[PDB]
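Trainee: Here it is: the structure, laid out below.
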Amino acid sequence: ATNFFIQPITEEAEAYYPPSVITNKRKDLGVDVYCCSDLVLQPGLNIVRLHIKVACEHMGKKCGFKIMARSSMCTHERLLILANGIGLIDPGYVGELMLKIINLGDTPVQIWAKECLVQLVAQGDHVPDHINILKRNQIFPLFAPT
Amino acid sequence: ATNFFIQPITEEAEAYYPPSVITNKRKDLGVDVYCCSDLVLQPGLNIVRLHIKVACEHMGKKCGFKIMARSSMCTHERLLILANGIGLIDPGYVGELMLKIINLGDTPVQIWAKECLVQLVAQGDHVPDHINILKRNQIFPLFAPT
Amino acid sequence: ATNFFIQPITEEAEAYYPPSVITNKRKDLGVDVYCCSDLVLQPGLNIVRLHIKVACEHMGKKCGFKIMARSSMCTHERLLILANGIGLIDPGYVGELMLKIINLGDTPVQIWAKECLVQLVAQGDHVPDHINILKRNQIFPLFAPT
């Protein structure tokens with residue numbers, strides 16, 4: 001079994017992430033995650049807070065995951081790339097997910113709160129069984145540092 | 001066992017993809033795929049049709065794969081990058097493979113039909129046993145939607 | 001078991017890579033590797049020699065690995081990206097590791113010898129047990145061509 005755990009850490013965030021235990025019966029590799037906020041991306045590098053904590057589990061243990069762009073992210077309307085190609089998150093990290101996005105255009109670019117620019121892929125490309133959305137207050141032992 | 005299935009969906013395509021059951025005894029991760037057509041890549045984003053359908057199989061089931069640049073793709077002659085870093089293709093997709101390629105240069109760039117700009121890597125980085133090239137007419141149950 | 005083998009192939013290199021058998025008890029996916037030399041990256045593509053040979057082993061056999069940027073690589077001070085998104089190295093390759101890095105800025109950029117711009121991830125994202133740093137002279141059968 002491979003499971004994902006997402007907890008919003010802001011009010012606007014929990015709007016887009018109502019508590020559920022979503023299953024993945026389509027056998028989709030990637031877990032889409034929302035921007036949760038209208039932002040303007042300037043030419044060059046931008047830091048985009050995702051307002052969530054995330055844990056991935058494989059065969060009972062805490063595991064790593066990768067952040068990868070969706071096809072949607074880069075159009076003729078917005079030349080956006082993930083700065084580090086794909087983000088690796090080690091099992092040890094328990095802070096907020098944050099993206100480095102390069103706007104390659106010479107003019108600024110707007111993204112909308114509902115948009116999913118990236119998806120989360122489990123270490124080793126293991127398809128997730130459930131995506132557990134937790135509510136803001138509930139303190140998982142998974143997000144405790146060590 | 002991990003096997004790949006490639007079917008050309010155009011005449012010029014089947015030129016480069018004669019029906020075979022290629023084996024991979026070198027233990028190469030990546031399956032090189034040709035452009036099949038002379039194209040000119042303008043500054044900014046370009047959509048590059050690959051004129052093939054592709055299925056990947058691991059342990060009997062249909063599985064996902066990733067599209068990754070080859071070292072060849074980006075030279076001093078052509079600043080080309082894959083727009084989404086690496087393409088993830090879910091098992092469910094059965095249409096034509098298409099690339100988003102960013103020309104970072106300020107002048108247009110020519111690619112030739114014989115050139116392999118990208119390779120296909122099986123979900124979980126599993127080395128393929130055989131690369132089955134199918135012929136244009138043969139209707140695999142693998143490319144049937146569900 | 002998954003093990004990494006790094007051998008410096010220059011004197012300045014062995015400075016940063018003293019012979020050890022480092023273990024990875026943090027369960028980190030990525031093996032950080034140093035630039036080993038002050039270089040200036042011009043706008044456009046740059047080739048960055050890493051002055052090491054590397055082998056990866058999974059379950060006794062020689063295996064493949066991937067080169068991925070660290071978060072550190074791209075800042076507001078330096079718009080650097082890996083040109084091929086992530087580097088795949090086939091088990092067969094036994095030469096020096098070399099990076100293609102795109103400086104997206106319009107002015108040149110300095111990197112310092114101690115800096116780790118990239119990390120090595122084992123095929124299939126398998127966490128390494130030990131990182132064996134070998135010394136310059138010792139001829140591993142792993143770096144012999146076939």
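Residue numbering restarts at 1 in every chain; chains get A, B, ... in the order shown in the structure tokens, and ligands count up from 1 in that same order.
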Least-squares align chain C to chain B using all Cα atoms paired by position, then dump the moved coordinates as a CSV table (one decimal) with C-alpha atoms, in the first residue's frame.

Mentor:
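So superposed14.csv came out as:
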```csv
chain,number,residue,atom,x,y,z
C,1,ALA,CA,8.5,-8.4,-17.1
C,2,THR,CA,8.2,-4.9,-18.4
C,3,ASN,CA,7.4,-4.5,-22.2
C,4,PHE,CA,6.7,-1.4,-24.4
C,5,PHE,CA,4.3,-1.3,-27.4
C,6,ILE,CA,4.8,1.4,-30.1
C,7,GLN,CA,2.4,1.7,-33.1
C,8,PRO,CA,3.0,4.3,-35.8
C,9,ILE,CA,-0.3,6.1,-36.8
C,10,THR,CA,1.0,7.7,-40.1
C,11,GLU,CA,2.8,6.5,-43.2
C,12,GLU,CA,6.0,8.6,-42.7
C,13,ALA,CA,5.9,7.2,-39.1
C,14,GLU,CA,5.9,3.5,-40.1
C,15,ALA,CA,9.0,4.3,-42.2
C,16,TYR,CA,11.0,4.9,-39.0
C,17,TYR,CA,9.1,2.1,-37.0
C,18,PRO,CA,9.1,-1.1,-39.1
C,19,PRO,CA,7.3,-3.9,-37.3
C,20,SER,CA,9.7,-5.8,-35.0
C,21,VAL,CA,10.0,-7.3,-31.5
C,22,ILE,CA,13.3,-5.6,-30.5
C,23,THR,CA,14.8,-6.9,-27.2
C,24,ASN,CA,16.8,-4.7,-24.8
C,25,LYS,CA,19.9,-6.8,-23.9
C,26,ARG,CA,22.0,-3.7,-23.1
C,27,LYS,CA,19.7,-3.1,-20.0
C,28,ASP,CA,19.0,0.5,-21.3
C,29,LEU,CA,16.4,2.4,-19.2
C,30,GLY,CA,15.2,4.6,-22.1
C,31,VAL,CA,13.3,3.9,-25.4
C,32,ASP,CA,14.4,6.4,-28.0
C,33,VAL,CA,11.6,7.7,-30.3
C,34,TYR,CA,12.1,9.7,-33.6
C,35,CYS,CA,10.5,13.0,-34.6
C,36,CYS,CA,9.3,11.4,-37.9
C,37,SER,CA,9.0,14.9,-39.6
C,38,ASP,CA,11.2,17.9,-40.3
C,39,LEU,CA,9.9,20.7,-38.0
C,40,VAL,CA,10.9,24.3,-37.3
C,41,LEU,CA,10.7,25.2,-33.5
C,42,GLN,CA,9.9,29.0,-33.0
C,43,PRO,CA,11.2,30.8,-29.9
C,44,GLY,CA,8.8,29.9,-27.0
C,45,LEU,CA,6.6,26.8,-26.8
C,46,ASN,CA,6.1,24.3,-29.6
C,47,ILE,CA,3.8,21.2,-29.8
C,48,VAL,CA,5.6,18.3,-31.5
C,49,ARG,CA,3.4,15.3,-32.6
C,50,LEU,CA,5.4,12.0,-32.4
C,51,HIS,CA,2.9,10.1,-34.7
C,52,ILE,CA,2.9,7.0,-32.4
C,53,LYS,CA,0.7,5.4,-29.8
C,54,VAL,CA,2.5,3.8,-26.8
C,55,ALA,CA,1.6,1.3,-24.1
C,56,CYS,CA,3.8,0.1,-21.2
C,57,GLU,CA,3.2,-3.2,-19.3
C,58,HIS,CA,4.7,-4.2,-15.9
C,59,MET,CA,3.9,-7.7,-14.4
C,60,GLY,CA,0.9,-8.2,-16.9
C,61,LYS,CA,-0.9,-4.9,-16.1
C,62,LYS,CA,-1.0,-1.8,-18.2
C,63,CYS,CA,1.3,0.8,-16.6
C,64,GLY,CA,2.4,4.4,-16.7
C,65,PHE,CA,5.6,5.9,-18.4
C,66,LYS,CA,7.6,9.1,-18.4
C,67,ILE,CA,9.0,11.2,-21.3
C,68,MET,CA,12.6,12.5,-20.7
C,69,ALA,CA,14.9,14.5,-22.9
C,70,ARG,CA,18.1,12.8,-24.3
C,71,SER,CA,21.5,14.6,-23.8
C,72,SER,CA,21.3,15.2,-27.6
C,73,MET,CA,18.2,17.5,-27.3
C,74,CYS,CA,20.0,20.6,-25.9
C,75,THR,CA,23.3,21.7,-27.6
C,76,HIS,CA,25.0,25.1,-28.2
C,77,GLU,CA,23.2,24.9,-31.6
C,78,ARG,CA,19.7,24.6,-30.1
C,79,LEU,CA,18.6,25.6,-26.5
C,80,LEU,CA,15.7,23.1,-26.4
C,81,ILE,CA,14.1,21.9,-23.0
C,82,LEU,CA,11.0,19.8,-22.4
C,83,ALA,CA,8.4,22.3,-21.0
C,84,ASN,CA,7.1,20.0,-18.2
C,85,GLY,CA,10.6,18.7,-17.1
C,86,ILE,CA,9.5,15.1,-17.6
C,87,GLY,CA,6.1,14.0,-19.2
C,88,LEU,CA,4.0,11.5,-17.1
C,89,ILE,CA,1.6,9.4,-19.2
C,90,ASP,CA,-1.1,7.7,-17.1
C,91,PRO,CA,-2.0,4.0,-18.1
C,92,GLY,CA,-5.5,5.3,-19.2
C,93,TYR,CA,-4.1,7.6,-22.0
C,94,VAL,CA,-4.3,5.9,-25.5
C,95,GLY,CA,-4.0,8.9,-28.0
C,96,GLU,CA,-0.9,10.1,-29.9
C,97,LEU,CA,2.2,11.1,-27.9
C,98,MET,CA,2.8,14.9,-28.1
C,99,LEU,CA,5.7,16.9,-26.7
C,100,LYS,CA,5.8,20.5,-25.4
C,101,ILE,CA,9.4,21.8,-26.3
C,102,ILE,CA,10.6,25.3,-25.3
C,103,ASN,CA,13.1,27.0,-27.7
C,104,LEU,CA,14.9,29.3,-25.3
C,105,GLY,CA,16.9,31.0,-28.2
C,106,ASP,CA,15.7,34.2,-29.9
C,107,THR,CA,15.9,32.7,-33.5
C,108,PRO,CA,14.0,29.6,-34.9
C,109,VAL,CA,15.5,26.1,-34.8
C,110,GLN,CA,15.2,23.1,-37.3
C,111,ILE,CA,14.9,19.4,-36.1
C,112,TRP,CA,15.2,16.5,-38.7
C,113,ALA,CA,12.8,13.5,-38.9
C,114,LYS,CA,15.6,10.9,-38.0
C,115,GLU,CA,16.5,12.8,-34.7
C,116,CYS,CA,15.6,11.3,-31.3
C,117,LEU,CA,15.0,14.2,-28.9
C,118,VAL,CA,13.4,12.1,-26.1
C,119,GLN,CA,13.2,8.6,-24.6
C,120,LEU,CA,10.4,6.7,-22.9
C,121,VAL,CA,11.1,5.4,-19.3
C,122,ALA,CA,8.8,2.8,-17.7
C,123,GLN,CA,7.0,3.9,-14.4
C,124,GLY,CA,9.4,3.0,-11.5
C,125,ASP,CA,12.4,3.1,-13.9
C,126,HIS,CA,11.9,-0.7,-14.9
C,127,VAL,CA,14.2,-1.7,-17.7
C,128,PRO,CA,12.1,-3.0,-20.7
C,129,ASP,CA,12.5,-6.7,-21.9
C,130,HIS,CA,11.1,-6.1,-25.4
C,131,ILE,CA,10.0,-3.0,-27.4
C,132,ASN,CA,7.1,-4.4,-29.6
C,133,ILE,CA,6.8,-2.2,-32.7
C,134,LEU,CA,3.3,-2.9,-34.1
C,135,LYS,CA,2.2,-2.1,-37.7
C,136,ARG,CA,-0.3,0.7,-38.5
C,137,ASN,CA,-3.5,-1.5,-39.1
C,138,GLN,CA,-3.2,-4.1,-36.1
C,139,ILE,CA,-5.7,-3.0,-33.4
C,140,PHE,CA,-4.1,-4.0,-30.0
C,141,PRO,CA,-6.6,-4.3,-27.1
C,142,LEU,CA,-4.0,-2.1,-25.2
C,143,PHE,CA,-5.0,1.1,-27.3
C,144,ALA,CA,-8.7,0.6,-26.7
C,145,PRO,CA,-10.1,3.3,-24.3
C,146,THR,CA,-11.9,2.4,-21.0
```

Trainee: For the strand (DSSP E or B) assignment from backbone DSSP, which residues of chain C qualify? Please present them as a PyMOL selection string.

Mentor: chain C and resi 2-8+20-23+31-33+39-41+44-49+52-58+61-63+65-69+75+78+80-82+87-89+98-103+109-111+118-122+130-133

Trainee: List every residue of chain B that DSSP, applied to the backbone of this structure, assigns to alpha helix (DSSP H), and report them as a ChimeraX atom specification.

Mentor: /B:11-16

Trainee: Those same residues - N, CA, C and O atoms - I'd like them written as a compact mmCIF listing (two decimals), in the first residue's frame.

Mentor:
```
# COMPACT_ATOMS: atom_id res chain seq x y z
N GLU B 11 1.95 7.20 -42.27
CA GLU B 11 2.82 6.45 -43.22
C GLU B 11 4.27 6.84 -42.96
O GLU B 11 5.10 5.92 -42.80
N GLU B 12 4.59 8.14 -42.91
CA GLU B 12 6.01 8.55 -42.71
C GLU B 12 6.47 7.91 -41.40
O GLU B 12 7.60 7.38 -41.38
N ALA B 13 5.61 7.87 -40.38
CA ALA B 13 5.92 7.24 -39.08
C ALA B 13 6.38 5.79 -39.30
O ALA B 13 7.52 5.47 -38.88
N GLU B 14 5.57 4.95 -39.96
CA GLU B 14 5.89 3.49 -40.08
C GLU B 14 7.22 3.31 -40.83
O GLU B 14 7.87 2.28 -40.60
N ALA B 15 7.63 4.29 -41.65
CA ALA B 15 9.00 4.34 -42.24
C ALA B 15 10.03 4.09 -41.14
O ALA B 15 10.86 3.17 -41.32
N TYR B 16 9.99 4.86 -40.04
CA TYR B 16 11.02 4.86 -38.97
C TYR B 16 10.76 3.71 -37.99
O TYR B 16 11.69 3.36 -37.24
```
